[PDB]
$ cat upload-v6.pdb   # PDB, C-alpha atoms and all ligand atoms
ATOM      1  CA  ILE A  21     174.436 103.971 291.209  1.00  0.00           C
ATOM      2  CA  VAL A  22     173.414 101.547 293.909  1.00  0.00           C
ATOM      3  CA  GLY A  23     171.122 102.759 296.686  1.00  0.00           C
ATOM      4  CA  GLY A  24     170.507 106.155 295.131  1.00  0.00           C
ATOM      5  CA  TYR A  25     167.486 107.996 293.814  1.00  0.00           C
ATOM      6  CA  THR A  26     166.066 109.134 290.467  1.00  0.00           C
ATOM      7  CA  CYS A  27     167.650 112.577 289.940  1.00  0.00           C
ATOM      8  CA  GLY A  28     164.864 114.051 287.821  1.00  0.00           C
ATOM      9  CA  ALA A  29     165.228 115.014 284.197  1.00  0.00           C
ATOM     10  CA  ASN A  30     167.914 117.557 283.509  1.00  0.00           C
ATOM     11  CA  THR A  31     168.546 118.306 287.190  1.00  0.00           C
ATOM     12  CA  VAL A  32     172.216 117.474 286.754  1.00  0.00           C
ATOM     13  CA  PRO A  33     172.910 119.618 283.727  1.00  0.00           C
ATOM     14  CA  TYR A  34     176.645 118.978 283.462  1.00  0.00           C
ATOM     15  CA  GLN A  35     176.206 115.174 283.348  1.00  0.00           C
ATOM     16  CA  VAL A  36     177.030 113.645 279.973  1.00  0.00           C
ATOM     17  CA  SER A  37     176.741 110.136 278.577  1.00  0.00           C
ATOM     18  CA  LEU A  38     179.590 108.891 276.408  1.00  0.00           C
ATOM     19  CA  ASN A  39     178.176 106.790 273.582  1.00  0.00           C
ATOM     20  CA  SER A  40     179.877 104.463 271.116  1.00  0.00           C
ATOM     21  CA  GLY A  41     176.720 102.868 269.854  1.00  0.00           C
ATOM     22  CA  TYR A  42     175.576 102.519 273.473  1.00  0.00           C
ATOM     23  CA  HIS A  43     176.201 104.316 276.741  1.00  0.00           C
ATOM     24  CA  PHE A  44     179.533 103.238 278.234  1.00  0.00           C
ATOM     25  CA  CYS A  45     180.675 105.960 280.646  1.00  0.00           C
ATOM     26  CA  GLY A  46     179.741 109.237 282.203  1.00  0.00           C
ATOM     27  CA  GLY A  47     181.503 112.558 282.010  1.00  0.00           C
ATOM     28  CA  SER A  48     181.167 116.164 283.084  1.00  0.00           C
ATOM     29  CA  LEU A  49     180.808 119.243 280.847  1.00  0.00           C
ATOM     30  CA  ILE A  50     183.316 121.870 281.989  1.00  0.00           C
ATOM     31  CA  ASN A  51     182.863 124.420 279.201  1.00  0.00           C
ATOM     32  CA  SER A  52     181.007 124.616 275.892  1.00  0.00           C
ATOM     33  CA  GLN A  53     183.701 122.565 274.129  1.00  0.00           C
ATOM     34  CA  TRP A  54     185.178 120.189 276.730  1.00  0.00           C
ATOM     35  CA  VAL A  55     184.249 117.204 278.835  1.00  0.00           C
ATOM     36  CA  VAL A  56     186.159 115.637 281.790  1.00  0.00           C
ATOM     37  CA  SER A  57     185.958 111.860 282.197  1.00  0.00           C
ATOM     38  CA  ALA A  58     188.042 108.933 283.428  1.00  0.00           C
ATOM     39  CA  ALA A  59     191.056 107.763 281.398  1.00  0.00           C
ATOM     40  CA  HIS A  60     189.827 104.215 281.786  1.00  0.00           C
ATOM     41  CA  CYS A  61     186.855 105.337 279.670  1.00  0.00           C
ATOM     42  CA  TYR A  62     189.136 106.076 276.694  1.00  0.00           C
ATOM     43  CA  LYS A  63     188.103 104.771 273.291  1.00  0.00           C
ATOM     44  CA  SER A  64     187.937 106.097 269.764  1.00  0.00           C
ATOM     45  CA  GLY A  65     184.694 107.156 268.114  1.00  0.00           C
ATOM     46  CA  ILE A  66     183.005 108.791 271.097  1.00  0.00           C
ATOM     47  CA  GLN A  67     179.737 110.703 270.706  1.00  0.00           C
ATOM     48  CA  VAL A  68     179.032 112.966 273.692  1.00  0.00           C
ATOM     49  CA  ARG A  69     175.355 113.060 274.654  1.00  0.00           C
ATOM     50  CA  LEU A  70     174.334 116.136 276.672  1.00  0.00           C
ATOM     51  CA  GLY A  71     170.889 116.986 277.996  1.00  0.00           C
ATOM     52  CA  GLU A  72     170.053 113.335 278.637  1.00  0.00           C
ATOM     53  CA  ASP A  73     167.644 111.832 281.110  1.00  0.00           C
ATOM     54  CA  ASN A  74     166.319 108.568 279.579  1.00  0.00           C
ATOM     55  CA  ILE A  75     169.284 107.415 277.464  1.00  0.00           C
ATOM     56  CA  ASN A  76     167.022 105.156 275.360  1.00  0.00           C
ATOM     57  CA  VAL A  77     164.347 107.716 274.454  1.00  0.00           C
ATOM     58  CA  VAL A  78     164.661 111.061 272.649  1.00  0.00           C
ATOM     59  CA  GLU A  79     162.880 113.385 275.060  1.00  0.00           C
ATOM     60  CA  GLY A  80     163.639 116.804 273.612  1.00  0.00           C
ATOM     61  CA  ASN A  81     166.637 118.301 275.409  1.00  0.00           C
ATOM     62  CA  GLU A  82     169.479 116.244 273.946  1.00  0.00           C
ATOM     63  CA  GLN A  83     172.538 117.495 272.138  1.00  0.00           C
ATOM     64  CA  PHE A  84     174.577 114.751 270.449  1.00  0.00           C
ATOM     65  CA  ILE A  85     178.083 115.995 269.483  1.00  0.00           C
ATOM     66  CA  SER A  86     180.959 113.857 268.264  1.00  0.00           C
ATOM     67  CA  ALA A  87     184.363 114.153 269.919  1.00  0.00           C
ATOM     68  CA  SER A  88     187.145 115.674 267.819  1.00  0.00           C
ATOM     69  CA  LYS A  89     189.960 114.681 270.218  1.00  0.00           C
ATOM     70  CA  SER A  90     190.577 112.746 273.427  1.00  0.00           C
ATOM     71  CA  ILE A  91     193.546 113.481 275.738  1.00  0.00           C
ATOM     72  CA  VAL A  92     194.342 110.915 278.398  1.00  0.00           C
ATOM     73  CA  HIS A  93     196.430 112.253 281.256  1.00  0.00           C
ATOM     74  CA  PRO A  94     200.126 112.021 280.452  1.00  0.00           C
ATOM     75  CA  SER A  95     200.781 109.901 283.559  1.00  0.00           C
ATOM     76  CA  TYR A  96     197.715 107.650 283.531  1.00  0.00           C
ATOM     77  CA  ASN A  97     198.589 104.147 284.691  1.00  0.00           C
ATOM     78  CA  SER A  98     195.883 101.628 283.768  1.00  0.00           C
ATOM     79  CA  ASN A  99     197.160  99.027 286.237  1.00  0.00           C
ATOM     80  CA  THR A 100     196.933 101.217 289.335  1.00  0.00           C
ATOM     81  CA  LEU A 101     194.412 103.751 287.974  1.00  0.00           C
ATOM     82  CA  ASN A 102     196.659 106.558 289.143  1.00  0.00           C
ATOM     83  CA  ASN A 103     195.833 109.742 287.217  1.00  0.00           C
ATOM     84  CA  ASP A 104     192.481 108.369 285.973  1.00  0.00           C
ATOM     85  CA  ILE A 105     191.406 111.452 284.049  1.00  0.00           C
ATOM     86  CA  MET A 106     190.837 112.321 280.397  1.00  0.00           C
ATOM     87  CA  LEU A 107     189.644 115.360 278.466  1.00  0.00           C
ATOM     88  CA  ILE A 108     187.378 115.109 275.444  1.00  0.00           C
ATOM     89  CA  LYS A 109     186.880 117.990 272.981  1.00  0.00           C
ATOM     90  CA  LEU A 110     183.582 118.395 271.165  1.00  0.00           C
ATOM     91  CA  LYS A 111     183.536 118.989 267.389  1.00  0.00           C
ATOM     92  CA  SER A 112     181.129 121.868 267.923  1.00  0.00           C
ATOM     93  CA  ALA A 113     180.260 123.952 270.983  1.00  0.00           C
ATOM     94  CA  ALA A 114     177.336 122.847 273.067  1.00  0.00           C
ATOM     95  CA  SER A 115     174.428 125.251 273.413  1.00  0.00           C
ATOM     96  CA  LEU A 116     174.305 126.229 277.098  1.00  0.00           C
ATOM     97  CA  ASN A 117     170.850 126.987 278.877  1.00  0.00           C
ATOM     98  CA  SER A 118     169.586 125.644 282.356  1.00  0.00           C
ATOM     99  CA  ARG A 119     169.259 122.025 281.256  1.00  0.00           C
ATOM    100  CA  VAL A 120     172.763 121.850 279.649  1.00  0.00           C
ATOM    101  CA  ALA A 121     175.395 123.658 281.659  1.00  0.00           C
ATOM    102  CA  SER A 122     179.028 123.431 282.575  1.00  0.00           C
ATOM    103  CA  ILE A 123     180.225 122.599 286.104  1.00  0.00           C
ATOM    104  CA  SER A 124     182.911 124.709 287.771  1.00  0.00           C
ATOM    105  CA  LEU A 125     186.359 123.312 288.502  1.00  0.00           C
ATOM    106  CA  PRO A 126     187.481 123.500 292.098  1.00  0.00           C
ATOM    107  CA  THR A 127     189.723 126.262 293.311  1.00  0.00           C
ATOM    108  CA  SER A 128     190.462 124.246 296.516  1.00  0.00           C
ATOM    109  CA  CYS A 129     190.389 120.601 297.352  1.00  0.00           C
ATOM    110  CA  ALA A 130     187.471 119.290 299.351  1.00  0.00           C
ATOM    111  CA  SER A 131     187.734 117.849 302.841  1.00  0.00           C
ATOM    112  CA  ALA A 132     186.608 114.632 304.380  1.00  0.00           C
ATOM    113  CA  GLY A 133     183.008 114.998 305.546  1.00  0.00           C
ATOM    114  CA  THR A 134     181.926 117.227 302.702  1.00  0.00           C
ATOM    115  CA  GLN A 135     178.724 116.169 301.122  1.00  0.00           C
ATOM    116  CA  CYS A 136     178.693 115.494 297.375  1.00  0.00           C
ATOM    117  CA  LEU A 137     176.427 114.433 294.571  1.00  0.00           C
ATOM    118  CA  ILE A 138     177.434 111.430 292.476  1.00  0.00           C
ATOM    119  CA  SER A 139     175.418 110.582 289.385  1.00  0.00           C
ATOM    120  CA  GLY A 140     175.217 108.201 286.446  1.00  0.00           C
ATOM    121  CA  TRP A 141     173.502 105.515 284.406  1.00  0.00           C
ATOM    122  CA  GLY A 142     175.439 102.610 285.834  1.00  0.00           C
ATOM    123  CA  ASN A 143     174.316  99.395 287.484  1.00  0.00           C
ATOM    124  CA  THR A 144     171.855  99.793 290.334  1.00  0.00           C
ATOM    125  CA  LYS A 145     172.478  96.374 291.936  1.00  0.00           C
ATOM    126  CA  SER A 146     175.327  95.269 294.232  1.00  0.00           C
ATOM    127  CA  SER A 147     174.811  91.610 293.302  1.00  0.00           C
ATOM    128  CA  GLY A 148     173.782  90.967 289.705  1.00  0.00           C
ATOM    129  CA  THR A 149     172.835  93.574 287.155  1.00  0.00           C
ATOM    130  CA  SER A 150     170.213  96.150 286.305  1.00  0.00           C
ATOM    131  CA  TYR A 151     170.911  99.219 284.173  1.00  0.00           C
ATOM    132  CA  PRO A 152     168.608 102.158 284.449  1.00  0.00           C
ATOM    133  CA  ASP A 153     167.433 104.248 281.656  1.00  0.00           C
ATOM    134  CA  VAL A 154     167.077 107.477 283.638  1.00  0.00           C
ATOM    135  CA  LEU A 155     169.838 109.251 285.525  1.00  0.00           C
ATOM    136  CA  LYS A 156     170.435 108.147 289.127  1.00  0.00           C
ATOM    137  CA  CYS A 157     171.872 110.226 291.931  1.00  0.00           C
ATOM    138  CA  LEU A 158     173.518 109.588 295.303  1.00  0.00           C
ATOM    139  CA  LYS A 159     174.424 112.011 298.060  1.00  0.00           C
ATOM    140  CA  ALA A 160     177.565 110.783 299.809  1.00  0.00           C
ATOM    141  CA  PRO A 161     180.358 112.185 301.947  1.00  0.00           C
ATOM    142  CA  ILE A 162     184.057 112.266 301.259  1.00  0.00           C
ATOM    143  CA  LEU A 163     185.846 109.858 303.592  1.00  0.00           C
ATOM    144  CA  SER A 164     189.048 110.451 305.437  1.00  0.00           C
ATOM    145  CA  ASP A 165     192.305 109.557 303.727  1.00  0.00           C
ATOM    146  CA  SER A 166     193.091 107.215 306.617  1.00  0.00           C
ATOM    147  CA  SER A 167     189.788 105.300 306.253  1.00  0.00           C
ATOM    148  CA  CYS A 168     190.299 105.151 302.492  1.00  0.00           C
ATOM    149  CA  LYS A 169     193.776 103.695 302.832  1.00  0.00           C
ATOM    150  CA  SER A 170     192.642 101.262 305.465  1.00  0.00           C
ATOM    151  CA  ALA A 171     189.912 100.039 303.135  1.00  0.00           C
ATOM    152  CA  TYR A 172     192.328  99.597 300.187  1.00  0.00           C
ATOM    153  CA  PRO A 173     195.801  98.924 301.552  1.00  0.00           C
ATOM    154  CA  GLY A 174     198.589  99.726 299.128  1.00  0.00           C
ATOM    155  CA  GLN A 175     196.237 101.184 296.503  1.00  0.00           C
ATOM    156  CA  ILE A 176     195.264 104.796 297.315  1.00  0.00           C
ATOM    157  CA  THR A 177     197.469 107.491 295.858  1.00  0.00           C
ATOM    158  CA  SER A 178     197.479 111.212 296.469  1.00  0.00           C
ATOM    159  CA  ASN A 179     195.379 111.496 293.273  1.00  0.00           C
ATOM    160  CA  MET A 180     192.474 109.505 294.746  1.00  0.00           C
ATOM    161  CA  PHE A 181     189.883 109.885 297.432  1.00  0.00           C
ATOM    162  CA  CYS A 182     187.112 107.658 298.816  1.00  0.00           C
ATOM    163  CA  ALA A 183     183.518 108.680 299.150  1.00  0.00           C
ATOM    164  CA  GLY A 184     180.411 106.831 300.257  1.00  0.00           C
ATOM    165  CA  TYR A 185     179.435 104.614 303.139  1.00  0.00           C
ATOM    166  CA  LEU A 186     181.551 101.968 304.878  1.00  0.00           C
ATOM    167  CA  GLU A 187     178.398 100.089 305.918  1.00  0.00           C
ATOM    168  CA  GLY A 188     177.698  99.205 302.302  1.00  0.00           C
ATOM    169  CA  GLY A 189     174.512  99.587 300.200  1.00  0.00           C
ATOM    170  CA  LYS A 190     175.179 103.015 298.590  1.00  0.00           C
ATOM    171  CA  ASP A 191     177.861 103.571 295.915  1.00  0.00           C
ATOM    172  CA  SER A 192     178.631 104.213 292.307  1.00  0.00           C
ATOM    173  CA  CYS A 193     179.099 101.182 290.075  1.00  0.00           C
ATOM    174  CA  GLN A 194     179.968  99.879 286.614  1.00  0.00           C
ATOM    175  CA  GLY A 195     178.673 102.260 283.960  1.00  0.00           C
ATOM    176  CA  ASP A 196     178.979 105.286 286.268  1.00  0.00           C
ATOM    177  CA  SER A 197     182.719 105.393 285.441  1.00  0.00           C
ATOM    178  CA  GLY A 198     183.921 108.795 284.335  1.00  0.00           C
ATOM    179  CA  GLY A 199     181.000 110.653 285.835  1.00  0.00           C
ATOM    180  CA  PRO A 200     180.892 113.475 288.337  1.00  0.00           C
ATOM    181  CA  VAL A 201     181.306 113.905 292.035  1.00  0.00           C
ATOM    182  CA  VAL A 202     180.151 117.503 292.716  1.00  0.00           C
ATOM    183  CA  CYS A 203     180.522 119.167 296.095  1.00  0.00           C
ATOM    184  CA  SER A 204     179.241 122.659 296.801  1.00  0.00           C
ATOM    185  CA  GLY A 205     178.901 123.309 293.059  1.00  0.00           C
ATOM    186  CA  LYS A 206     182.432 122.205 292.138  1.00  0.00           C
ATOM    187  CA  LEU A 207     183.642 119.091 290.310  1.00  0.00           C
ATOM    188  CA  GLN A 208     185.822 117.423 292.952  1.00  0.00           C
ATOM    189  CA  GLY A 209     185.798 113.819 291.706  1.00  0.00           C
ATOM    190  CA  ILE A 210     185.509 111.436 288.809  1.00  0.00           C
ATOM    191  CA  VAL A 211     184.034 107.918 289.246  1.00  0.00           C
ATOM    192  CA  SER A 212     187.155 105.745 289.026  1.00  0.00           C
ATOM    193  CA  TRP A 213     187.115 102.339 290.758  1.00  0.00           C
ATOM    194  CA  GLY A 214     186.158 100.174 293.741  1.00  0.00           C
ATOM    195  CA  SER A 215     185.912  96.536 294.762  1.00  0.00           C
ATOM    196  CA  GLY A 216     182.531  95.437 293.477  1.00  0.00           C
ATOM    197  CA  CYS A 217     179.836  98.013 294.235  1.00  0.00           C
ATOM    198  CA  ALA A 218     178.252  98.992 297.539  1.00  0.00           C
ATOM    199  CA  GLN A 219     180.187  96.387 299.476  1.00  0.00           C
ATOM    200  CA  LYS A 220     180.886  96.717 303.174  1.00  0.00           C
ATOM    201  CA  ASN A 221     184.222  98.404 303.879  1.00  0.00           C
ATOM    202  CA  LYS A 222     184.836  98.987 300.180  1.00  0.00           C
ATOM    203  CA  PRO A 223     183.821 102.526 299.344  1.00  0.00           C
ATOM    204  CA  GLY A 224     184.058 104.141 295.972  1.00  0.00           C
ATOM    205  CA  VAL A 225     187.379 105.538 294.822  1.00  0.00           C
ATOM    206  CA  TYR A 226     187.410 108.767 292.838  1.00  0.00           C
ATOM    207  CA  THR A 227     189.989 110.776 290.911  1.00  0.00           C
ATOM    208  CA  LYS A 228     190.932 113.888 292.927  1.00  0.00           C
ATOM    209  CA  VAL A 229     190.115 116.577 290.354  1.00  0.00           C
ATOM    210  CA  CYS A 230     191.615 119.483 292.326  1.00  0.00           C
ATOM    211  CA  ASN A 231     195.084 118.064 291.560  1.00  0.00           C
ATOM    212  CA  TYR A 232     194.437 118.394 287.829  1.00  0.00           C
ATOM    213  CA  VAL A 233     193.029 121.907 287.456  1.00  0.00           C
ATOM    214  CA  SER A 234     196.349 123.330 286.181  1.00  0.00           C
ATOM    215  CA  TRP A 235     196.671 120.546 283.607  1.00  0.00           C
ATOM    216  CA  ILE A 236     193.055 120.913 282.521  1.00  0.00           C
ATOM    217  CA  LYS A 237     193.328 124.654 282.061  1.00  0.00           C
ATOM    218  CA  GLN A 238     196.622 124.553 280.195  1.00  0.00           C
ATOM    219  CA  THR A 239     195.421 121.727 277.975  1.00  0.00           C
ATOM    220  CA  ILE A 240     192.228 123.547 277.040  1.00  0.00           C
ATOM    221  CA  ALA A 241     194.248 126.743 276.352  1.00  0.00           C
ATOM    222  CA  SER A 242     196.357 125.003 273.715  1.00  0.00           C
ATOM    223  CA  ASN A 243     193.907 122.523 272.136  1.00  0.00           C
TER     224      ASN A 243
HETATM  225 CA    CA H 301     167.222 110.778 275.829  1.00  0.00          CA
END

$ encode --input "upload-v6.pdb" --output "structure tokens" --more "lines below"
Ligand SMILES: [Ca+2]
Amino acid sequence: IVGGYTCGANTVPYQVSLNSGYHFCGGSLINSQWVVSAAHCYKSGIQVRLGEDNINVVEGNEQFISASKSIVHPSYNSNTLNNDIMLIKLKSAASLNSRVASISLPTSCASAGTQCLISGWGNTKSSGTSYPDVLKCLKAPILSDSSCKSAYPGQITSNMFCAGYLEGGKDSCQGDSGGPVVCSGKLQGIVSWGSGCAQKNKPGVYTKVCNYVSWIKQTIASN
């Protein structure tokens, strides 16, 4: 997260870190057994780390649970990033309390102008590289479809939306991938892609979670 703020420990209780020996992506806990992330975050051997603030220090609220299964969206295209969503099942159920909690799925899509919270452990610089240990947060609005398409001609599908600031300076970034965009207490987006980070006229692009609620529910019901 570039141009954000330190969230505070366990203030974003649905935020998870996906670990394969190291943090590599975010995700969102949606029930005691299941995490939503980006399909471009797929790999084998994932350990889900819940209750994290400093990802390099054991602070007392962590739950580390290996994944039993990953399900990339049936129509994910890694070239275009269309359908950039993946479900991960935990081998055991997380213990839920105020520091580790699920986030609700949307019942309706969000509109341009809605304020959201984007979070993660990704790079905090727009030029060069600095990875934080503690969770970072950014409040940002959803942008209009027309501004999003204008920013990224030929690239924005109906399964994507832009959020952030066209002036630059405030965005998600590498290492935030897969993590949440939460608006009014609902998971509306997944950190997906963008051109660099925090660049002028190049806002963040996010997977439009409301399109996937049917798939998520039916997949959980049978897996
Ligand atoms: Ca920790």

$ resolve_selection --input "upload-v6.pdb" --expression "the PyMOL selection byres (((chain A and resi 39) around 12) and not hetatm)" --output "JSON, numbers by chain"
{"A": [36, 37, 38, 40, 41, 42, 43, 44, 45, 46, 47, 61, 62, 63, 64, 65, 66, 67, 68, 69, 70, 72, 75, 76, 84, 85, 86, 87, 141, 195]}

$ write_last_selection --input "upload-v6.pdb" --atoms "C-alpha atoms" --output "PDB file, in the frame of the given file"
ATOM      1  CA  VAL A  36     177.030 113.645 279.973  1.00  0.00           C
ATOM      2  CA  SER A  37     176.741 110.136 278.577  1.00  0.00           C
ATOM      3  CA  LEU A  38     179.590 108.891 276.408  1.00  0.00           C
ATOM      4  CA  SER A  40     179.877 104.463 271.116  1.00  0.00           C
ATOM      5  CA  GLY A  41     176.720 102.868 269.854  1.00  0.00           C
ATOM      6  CA  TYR A  42     175.576 102.519 273.473  1.00  0.00           C
ATOM      7  CA  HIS A  43     176.201 104.316 276.741  1.00  0.00           C
ATOM      8  CA  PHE A  44     179.533 103.238 278.234  1.00  0.00           C
ATOM      9  CA  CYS A  45     180.675 105.960 280.646  1.00  0.00           C
ATOM     10  CA  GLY A  46     179.741 109.237 282.203  1.00  0.00           C
ATOM     11  CA  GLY A  47     181.503 112.558 282.010  1.00  0.00           C
ATOM     12  CA  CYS A  61     186.855 105.337 279.670  1.00  0.00           C
ATOM     13  CA  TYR A  62     189.136 106.076 276.694  1.00  0.00           C
ATOM     14  CA  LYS A  63     188.103 104.771 273.291  1.00  0.00           C
ATOM     15  CA  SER A  64     187.937 106.097 269.764  1.00  0.00           C
ATOM     16  CA  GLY A  65     184.694 107.156 268.114  1.00  0.00           C
ATOM     17  CA  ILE A  66     183.005 108.791 271.097  1.00  0.00           C
ATOM     18  CA  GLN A  67     179.737 110.703 270.706  1.00  0.00           C
ATOM     19  CA  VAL A  68     179.032 112.966 273.692  1.00  0.00           C
ATOM     20  CA  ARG A  69     175.355 113.060 274.654  1.00  0.00           C
ATOM     21  CA  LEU A  70     174.334 116.136 276.672  1.00  0.00           C
ATOM     22  CA  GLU A  72     170.053 113.335 278.637  1.00  0.00           C
ATOM     23  CA  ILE A  75     169.284 107.415 277.464  1.00  0.00           C
ATOM     24  CA  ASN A  76     167.022 105.156 275.360  1.00  0.00           C
ATOM     25  CA  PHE A  84     174.577 114.751 270.449  1.00  0.00           C
ATOM     26  CA  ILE A  85     178.083 115.995 269.483  1.00  0.00           C
ATOM     27  CA  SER A  86     180.959 113.857 268.264  1.00  0.00           C
ATOM     28  CA  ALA A  87     184.363 114.153 269.919  1.00  0.00           C
ATOM     29  CA  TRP A 141     173.502 105.515 284.406  1.00  0.00           C
ATOM     30  CA  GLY A 195     178.673 102.260 283.960  1.00  0.00           C
TER      31      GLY A 195
END

$ residues_near_ligand --input "upload-v6.pdb" --ligand "ligand CA 301 (chain H)" --cutoff "8 Å" --atoms "all atoms listed in the file" --output "PyMOL selection string"
chain A and resi 71-82

$ residues_around --input "upload-v6.pdb" --residues "residue 104 (chain A)" --least-positions-apart "3" --cutoff "6 Å" --atoms "only C-alpha atoms" --output "PDB file with C-alpha atoms, in the frame of the given file"
ATOM      1  CA  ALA A  58     188.042 108.933 283.428  1.00  0.00           C
ATOM      2  CA  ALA A  59     191.056 107.763 281.398  1.00  0.00           C
ATOM      3  CA  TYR A  96     197.715 107.650 283.531  1.00  0.00           C
ATOM      4  CA  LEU A 101     194.412 103.751 287.974  1.00  0.00           C
TER       5      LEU A 101
END

$ axis_aligned_box --input "upload-v6.pdb" --around "region 173-181 of chain A" --padding-each-side "8 Å" --output "AutoDock Vina command-line options"
--center_x 194.2 --center_y 105.2 --center_z 297.4 --size_x 24.7 --size_y 28.6 --size_z 24.3

$ residues_around --input "upload-v6.pdb" --residues "residue 166 (chain A)" --least-positions-apart "6" --cutoff "12 Å" --atoms "all atoms listed in the file" --output "PyMOL selection string"
chain A and resi 132+172-174+176-178+181-182

$ resolve_selection --input "upload-v6.pdb" --expression "the PyMOL selection byres (((chain A and resi 31) around 12) and not hetatm)" --output "ChimeraX atom specification"
/A:26-30,32-35,71-73,81,118-121,137,139,154-157

$ residues_near_point --input "upload-v6.pdb" --point "(177.1, 113.0, 300.1)" --cutoff "9 Å" --atoms "only C-alpha atoms" --output "PDB file with C-alpha atoms, in the frame of the given file"
ATOM      1  CA  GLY A 133     183.008 114.998 305.546  1.00  0.00           C
ATOM      2  CA  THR A 134     181.926 117.227 302.702  1.00  0.00           C
ATOM      3  CA  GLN A 135     178.724 116.169 301.122  1.00  0.00           C
ATOM      4  CA  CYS A 136     178.693 115.494 297.375  1.00  0.00           C
ATOM      5  CA  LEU A 137     176.427 114.433 294.571  1.00  0.00           C
ATOM      6  CA  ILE A 138     177.434 111.430 292.476  1.00  0.00           C
ATOM      7  CA  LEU A 158     173.518 109.588 295.303  1.00  0.00           C
ATOM      8  CA  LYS A 159     174.424 112.011 298.060  1.00  0.00           C
ATOM      9  CA  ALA A 160     177.565 110.783 299.809  1.00  0.00           C
ATOM     10  CA  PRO A 161     180.358 112.185 301.947  1.00  0.00           C
ATOM     11  CA  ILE A 162     184.057 112.266 301.259  1.00  0.00           C
ATOM     12  CA  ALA A 183     183.518 108.680 299.150  1.00  0.00           C
ATOM     13  CA  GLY A 184     180.411 106.831 300.257  1.00  0.00           C
ATOM     14  CA  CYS A 203     180.522 119.167 296.095  1.00  0.00           C
TER      15      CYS A 203
END

$ closest_residue --input "upload-v6.pdb" --among "A:53, A:88, A:127, A:122" --to "residue 200 (chain A)" --atoms "only C-alpha atoms"
A:122

$ closest_residue --input "upload-v6.pdb" --among "A:212, A:89, A:191, A:201" --to "residue 112 (chain A)" --atoms "all atoms listed in the file"
A:89

$ closest_residue --input "upload-v6.pdb" --among "A:213, A:54, A:185, A:25" --to "residue 167 (chain A)" --atoms "all atoms listed in the file"
A:185

$ resolve_selection --input "upload-v6.pdb" --expression "the PyMOL selection byres (((chain A and resi 226) around 6) and not hetatm)" --output "ChimeraX atom specification"
/A:180-181,209-212,225,227

$ write_last_selection --input "upload-v6.pdb" --atoms "C-alpha atoms" --output "PDB file, in the coordinates of the input"
ATOM      1  CA  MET A 180     192.474 109.505 294.746  1.00  0.00           C
ATOM      2  CA  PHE A 181     189.883 109.885 297.432  1.00  0.00           C
ATOM      3  CA  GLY A 209     185.798 113.819 291.706  1.00  0.00           C
ATOM      4  CA  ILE A 210     185.509 111.436 288.809  1.00  0.00           C
ATOM      5  CA  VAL A 211     184.034 107.918 289.246  1.00  0.00           C
ATOM      6  CA  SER A 212     187.155 105.745 289.026  1.00  0.00           C
ATOM      7  CA  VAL A 225     187.379 105.538 294.822  1.00  0.00           C
ATOM      8  CA  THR A 227     189.989 110.776 290.911  1.00  0.00           C
TER       9      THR A 227
END

$ atom_distance --input "upload-v6.pdb" --atom1 "CA of residue 125 (chain A)" --atom2 "CA of residue 95 (chain A)"
20.3 Å

$ decode --input "upload-v6.pdb" --residues "region 27-55 of chain A" --atoms "C-alpha atoms" --output "compact mmCIF listing (two decimals), in the first residue's frame"
# COMPACT_ATOMS: atom_id res chain seq x y z
CA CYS A 27 -4.01 0.05 10.28
CA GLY A 28 -3.34 -0.95 13.88
CA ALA A 29 -2.95 -4.51 15.06
CA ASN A 30 -5.91 -6.73 14.36
CA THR A 31 -8.15 -3.87 13.23
CA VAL A 32 -8.77 -5.63 9.93
CA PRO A 33 -9.73 -9.02 11.28
CA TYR A 34 -10.59 -10.69 7.98
CA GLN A 35 -7.19 -9.87 6.43
CA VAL A 36 -4.99 -12.92 5.89
CA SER A 37 -1.42 -13.37 4.71
CA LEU A 38 -0.72 -16.24 2.34
CA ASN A 39 2.65 -17.76 3.19
CA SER A 40 4.83 -20.21 1.28
CA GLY A 41 7.90 -19.71 3.38
CA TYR A 42 7.32 -15.95 3.15
CA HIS A 43 4.35 -13.65 2.67
CA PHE A 44 3.36 -13.51 -1.00
CA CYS A 45 -0.27 -12.37 -1.20
CA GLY A 46 -3.21 -11.22 0.82
CA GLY A 47 -6.63 -12.77 1.13
CA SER A 48 -9.91 -12.37 2.96
CA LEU A 49 -11.52 -14.80 5.44
CA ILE A 50 -15.15 -15.33 4.42
CA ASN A 51 -16.08 -18.11 6.85
CA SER A 52 -14.27 -20.31 9.37
CA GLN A 53 -12.98 -22.61 6.60
CA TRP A 54 -12.55 -20.46 3.48
CA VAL A 55 -10.45 -17.63 2.13
